[PDB]
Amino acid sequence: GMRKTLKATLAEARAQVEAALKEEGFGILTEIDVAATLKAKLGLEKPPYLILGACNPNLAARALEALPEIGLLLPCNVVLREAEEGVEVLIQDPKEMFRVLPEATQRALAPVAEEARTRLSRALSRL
């Protein structure tokens, strides 16, 4: 949806992502190293793949105040994975993620999802 490949090492891509997100009000709350946890649990050897859970507290608080169960679809995931041409960054589109909800609830959340999507697409565009 929002996808970009960077010619950058993993650590470089990850620092540039954290920095572009922080410019737009999104902090990183969680991180899962998917290759390291598949190794530890299953003995599998997979290429680099991280999932970062990023969040703007103001937009999150607003969404959770309107619809408390919306925590099931937070935070916004950012994937960084090894690609041929370097590291691919993928960012969850909030508008797309709210489509699991009834249409009336998506209307009720639209201003927040739009604001989040605009800040996220801005971060991506600066990578």
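One-based numbering along the sequence shown.
Two stretches are in play, 24 to 32 and 79 to 87, and the higher mean C-alpha B-factor belongs to 79 to 87.
The deposited model assigns a higher average Cα B-factor to 34 to 42 than to the other stretch when 47 to 55 and 34 to 42 are compared. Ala123: CA B factor in the middle third of modelled residues in this chain (values from the PDB entry). In this PDB entry, the Cα temperature factor of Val100 sits in the top third of its chain's modelled residues, the highest group.
Sorting the modelled residues of the chain by their CA temperature factor places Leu74 in the highest third.
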